[PDB]
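K.L.:
Below is one structure. I have some questions about it.
Derivation of every value follows stated rules applied to the coordinates shown; laboratory data play no part. Note that we place each Cβ from the backbone using ideal geometry, even for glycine, and neighbour counts take in every protein chain shown.
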């Protein structure tokens, strides 16, 4: 459902707002602390068939356009949230699928990885969303310990409100690819006109300075 | 795909033996984490790394579901955590139905803590897992789905051990039917027919299958 | 979805009984026209179920390819109202042009009863939801033949059977009748399932063996 | 198959003109109940071409998802013998149940063939719209059976009559179309396969339909 | 399309006889290098029929998966202008890289006879339209093995199965031959159909049982 | 993976450079004489599944947009070169397939054509690539001898550096449709930045004057 980056992001934002995977609440923030007015549950997108089909089509388009057609030999999912999306992407791309556990279960170079992973394979990490890309280090290092070549990471949603969201993965030579960001959702919601002005202003203030807003509203 | 139980089972056994998802070792039995000793090891998670194998497995899964259960008797597909999520996703894609997945432990307030994804009240849900041994871990997931309002009467597994007496009755006591593509007997029969395995190993496997607990106690150690 | 004639009929009967497209009631027969029967079928309900209709279309394509042939049909024509969805799906599966025939003419030309484009000499397969005595099929067959199409085959999802002329009327005008299931298949599958009482199935069997006598005895 | 609205309309007009589903005749107007018109559209010819219908159904799905939403439709109900094939193809693409509505009742669910769950959201699919007067009956028939009808889809929209849209908005039904007569006129003018006089007469008709029909006989 | 070997063979024979890719003529034998024969097969006609070639590809994939295995082939290599379309379709269905082998080398190097990228150690399946004595397959097998490919299987839509060394010549170099139908299957289906005269089918049977003697007796 | 002509051409150029079907060498020109700094092997394209799927989608889009949806009744391919692409296009278009031999084998109308060709059929000629379209004359005449109507020709790559590459086909009333040209590959390579400036300048001066460059560099 899109061709260029902007259309893909707009379609992703519309999909997220339509299935109510994105929630806004400025009066009662969503609190592990970190009170925020925005809540996202990308795991609801697996319960809507047309939505997930469109999202996977756009995911394949993004992977082909930004990475390459013959640069990925396997698709590895996250712990439990990115496994369905990884499975669908692997089926579309006709590549082997693996998934990486959060904690090792056993001894060896393939303890964290479930599935068959050939030596030297080029693996693409796929999970639902990122906030700081700090949970990405464990999975990338687990895949690299087993011999895979991890240089690209795909996620449905990217917060893009923290400075080290993309620099952390770049320092370990991993590129972050995302279908949409919080700014795209904010722009689509502002254009739609179904949200009150005060709520959108509060959301914009939070997205500009996340830590300051969180600390000053119950963090 | 065979469109009948025997052909589906034989094809699944050949698939498992070809990709070496099933291992036989009688000289050095597989001592598991719980101390159980068995000469047979199966890793259904390896099947997701082979495109054609997984495609055929999902086609046979859809055929089994539509034959044993029915075409319009399932409203959603739920997968157990980690192991069965890819198979649940593929089955949901083939069946054009919503997909959810059940966590092993609750994380949330209630009535939706153990289930990730939207679940409409009164929806008939099919539980998909990679394999079952005694079907006592499936009760937790079935109760989690029923707590959210889903009506669970069927559970699908790629592999069913079928070597424990209460493998199916434990689910049937809570009104859940167990459907599977292949059993250990099917794999043993196909391995015997193939002839790539020595007679002693297959005899040991047959002895274990006929008496699991005694074999675990004696030949490998409790 | 099956691969053999016996497997297709059993699967179709199970599909019909599962989605309740077939109803049995011997205590209060379905008095249609004055005809009285203990059986009722509504093949139009099969289009409201995605998986059921997909399976039925797969079996329809399999039956067409096995009985008629892979390259013997150049267009798929559906009857008025009822058979148009099935004709559309079969044409999509077979990658052939689709037409549909109105019950009554809408003009004065040769292509008055046909809504579509029909090239001269095209071999056309006529698709309908069900047939009872195939007396209404002659109108559609003659309408297609007036346009120049060559009609030698007709496909129906459900064949009522019972009546002896149901295939002879079409065979007299060189049209072969193909079907997925009959009433006998549905009755056999219902008896095997065990969800229906013995008295009801006995009444249905008596009706199937003697339709006119049963209608006269239990109604008009 | 295009992506944006303009591309979809342009290639839909190209498809209509290529399969000759659109006819222009200024010298001898088409007497339809009179109403002499120089333009003729036969959208039922579109089902006899496989590639054309595949492209059109892809564009229909794209338009439905883009303008209505991905999960706003639970059933697709066509007209009677006009848009039933298009409704079937759209329902198959959308993985959504199909129904269809008759012109006249036969026997709540007397006018609807198929299973229609109460409270379901139903999309009307028809071959074309002229004044959207015949769609009132189908929308009311579906709403009698409990369905929620808020969107109507048609392959071709005349867009030359003022009430062709507002009559559906009065009953809270949105009209979605793949192409209009203006798109066909623009594509025909750009192609250059039509004489200038014919296109000028067609444009004059499209600006004032009733006056042109009355002047030329009707 | 079928599910077992016998069903696949029968369906393929019906397909070949329906599209007239197989011709029978005992009065005027097909003399082609001499070698008069009453049978003629043109497997290159099957690419001009969409449904026929789609069904043939389904059956080809089923045979490959059933006999060889799901994960035992890494590339599909066609012959020279004859099996290239079939190889392309099989590779698309199997989601594997495709190559094709020239009849004669064009250049110098290990990859002189092979067009397309072939990774070292790849297990390659050779696809052709038909084998008469499989003497020409040795050249393609050796060309593929020169570039590092491991060739242990060869798939063909049709296999004559009337020469003793049809399968042994490939088996001597560790290549297994798989086919959808043989001349015996076509003869059996033609006899069952009844569209062919008894004398013609008797002559074909005599030729199939002893091809060299029949050719010597009827010319060539 | 494209919508318009420009996007399709750019994606085709990226595909060709990614799988290394396009080679640049200014210091040592390749090679019947005609030393050139550019080498293209479109037959490598059939060994990559995702690449060939994307290229066939683009081919179908181009054929439908430029020729028409119902203007082609058969697809014929050149011998040994465009047969796989013709097969994939025919499968996509649910249209019969034929292929034309370079040299006739037999006598009578259909001696040079393999497959079933109905009289009056509209046939699209498919080839891997064309340089001067001199070899397409034989195939077009062979198809027209059998009764086919040939008015369109499709090639994945078009050199577009010779003046008669399109006029020679237009003289016999045949149109040439292509996915990419050498200019578009050059533009994509220049934008990518993976090639040295001297090599790209030499390639550009070759593509401007091919014959002069070949004569000057020992051709």
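K.L.:
Test residue D:45 against the criterion of being more than 17 Å from residue D:206 (Cβ to Cβ), away from chain C (no Cβ under 14 Å) and part of a helix (DSSP H, G or I), and give yes or no.
P.N.:
Working: more than 17 Å from residue D:206 (Cβ to Cβ): yes; away from chain C (no Cβ under 14 Å): no; part of a helix (DSSP H, G or I): yes.
No: the conditions fail for residue D:45.
K.L.:
Next question. Tell me which of these residue A:150 doesn't satisfy, since it passes every other one: (1) more than 15 Å from the chain's Cα centre (by Cα); (2) within 14 Å of chain B (Cβ to nearest Cβ); (3) in a strand (DSSP E or B).
P.N.:
In the conditions (1) more than 15 Å from the chain's Cα centre (by Cα); (2) within 14 Å of chain B (Cβ to nearest Cβ); (3) in a strand (DSSP E or B), residue A:150 misses (2) alone.
K.L.:
Output yes when any residue across the range E:160-170 is over 23 Å from residue E:45 (Cβ atoms) and not in a helix (DSSP H, G or I), and no when none is.
P.N.:
Yes, because at least one residue in the range E:160-170 is over 23 Å from residue E:45 (Cβ atoms) and not in a helix (DSSP H, G or I).
K.L.:
What number of residues in the range D:57-104 are part of a loop (DSSP other than H, G, I, E, B) and either on the phi > 0 side of the Ramachandran plot or at the interface with chain C (Cβ under 9 Å from one of its Cβ atoms) (or both)?
P.N.:
Residues flagged as part of a loop (DSSP other than H, G, I, E, B) and either on the phi > 0 side of the Ramachandran plot or at the interface with chain C (Cβ under 9 Å from one of its Cβ atoms) (or both) within the range D:57-104 amount to 8.
K.L.:
Among the numbered criteria (1) closer than 30 Å to residue E:217 by Cα; (2) within 14 Å of the chain's Cα centre (by Cα); (3) more than 8 Å from every other protein chain (Cβ to nearest Cβ), which one does residue E:46 miss?
P.N.:
(1)
K.L.:
Then there's this: Since residue D:149 meets every condition but one in (1) closer than 30 Å to residue D:3 by Cα; (2) out of contact with any helix residue (DSSP H, G or I) (no Cβ under 8 Å at 6 or more places or on another chain), which condition does it not meet?
P.N.:
Among (1) closer than 30 Å to residue D:3 by Cα; (2) out of contact with any helix residue (DSSP H, G or I) (no Cβ under 8 Å at 6 or more places or on another chain), the lone unmet condition for residue D:149 is (2).
K.L.:
Suppose the filter is under 21 Å from residue E:42 (Cα atoms) and surrounded by fewer than 17 Cβ atoms within 10 Å (Cβ to Cβ); does residue E:193 pass it?
P.N.:
Details: under 21 Å from residue E:42 (Cα atoms): yes; surrounded by fewer than 17 Cβ atoms within 10 Å (Cβ to Cβ): yes.
The answer is yes for residue E:193.
K.L.:
Taking the criterion of being more than 30 Å from residue E:33 (Cα to Cα) and either in contact with a strand residue (DSSP E or B) (Cβ under 7 Å, 6 or more places away or on another chain) or facing another protein chain (nearest Cβ under 8 Å) (or both), would at least one residue in the range F:105-121 satisfy it?
P.N.:
yes
K.L.:
Can you tell me how many residues in the range A:105-134 are part of a loop (DSSP other than H, G, I, E, B) and either touching a helix residue (DSSP H, G or I) at 6+ places or on another chain (Cβ under 8 Å) or buried (at least 22 other Cβ atoms within 10 Å of the Cβ) (or both)? Break it down into steps so the answer makes sense when it comes.
P.N.:
Our first condition is that a residue be part of a loop (DSSP other than H, G, I, E, B); within the range A:105-134, this holds for A:105-112, A:115-121, A:131-134.
Still in the running and either touching a helix residue (DSSP H, G or I) at 6+ places or on another chain (Cβ under 8 Å) or buried (at least 22 other Cβ atoms within 10 Å of the Cβ) (or both): A:109, A:112, A:115-117, A:131-134.
Adding up the residues that qualify gives 9.
K.L.:
Does residue E:28 meet the test of being more than 11 Å from every other protein chain (Cβ to nearest Cβ) and under 30 Å from residue E:213 (Cβ atoms)? Spell out the reasoning first.
P.N.:
Working: more than 11 Å from every other protein chain (Cβ to nearest Cβ): yes; under 30 Å from residue E:213 (Cβ atoms): yes.
Yes: the conditions hold for residue E:28.
K.L.:
Taking the stated definitions as given, is residue C:141 farther than 22 Å from residue C:28 by Cβ and buried (at least 21 other Cβ atoms within 10 Å of the Cβ)? Step through it out loud before you land on a result.
P.N.:
Values: farther than 22 Å from residue C:28 by Cβ: yes; buried (at least 21 other Cβ atoms within 10 Å of the Cβ): yes.
Yes.
K.L.:
Checking residue C:129 against (1) over 20 Å from residue C:88 (Cβ atoms); (2) under 12 Å from the mean Cα position of the chain (by Cα), which single condition isn't satisfied?
P.N.:
Condition (1) is where residue C:129 drops out.
K.L.:
Please find, among E:109, E:69, the residue that is within 14 Å of chain F (Cβ to nearest Cβ), assigned to a loop (DSSP other than H, G, I, E, B) and at positive phi.
P.N.:
Answer to the check: E:109.
K.L.:
Residue by residue through the range F:187-219, note down the ones that are part of a loop (DSSP other than H, G, I, E, B) and over 16 Å from residue F:35 (Cα atoms).
P.N.:
F:193, F:194, F:195, F:196
K.L.:
Next question, about the same structure. Condition first: within 13 Å of chain F (Cβ to nearest Cβ), farther than 30 Å from residue C:61 by Cβ, touching a helix residue (DSSP H, G or I) at 6+ places or on another chain (Cβ under 7 Å) and buried (at least 16 other Cβ atoms within 10 Å of the Cβ). Can you find one or more residues in the range E:120-135 that meet it?
P.N.:
yes
K.L.:
Right, something else. Within the range E:72-88, identify whether any single residue is out of contact with any strand residue (DSSP E or B) (no Cβ under 7 Å at 6 or more places or on another chain) and more than 9 Å from chain F (Cβ to nearest Cβ), and answer yes or no.
P.N.:
No: zero hits.
K.L.:
Which one of the conditions (1) surrounded by fewer than 22 Cβ atoms within 10 Å (Cβ to Cβ); (2) in contact with a strand residue (DSSP E or B) (Cβ under 8 Å, 6 or more places away or on another chain); (3) part of a helix (DSSP H, G or I) does residue F:54 fail to meet, given that it meets all the rest?
P.N.:
(2) is the only condition that residue F:54 fails.
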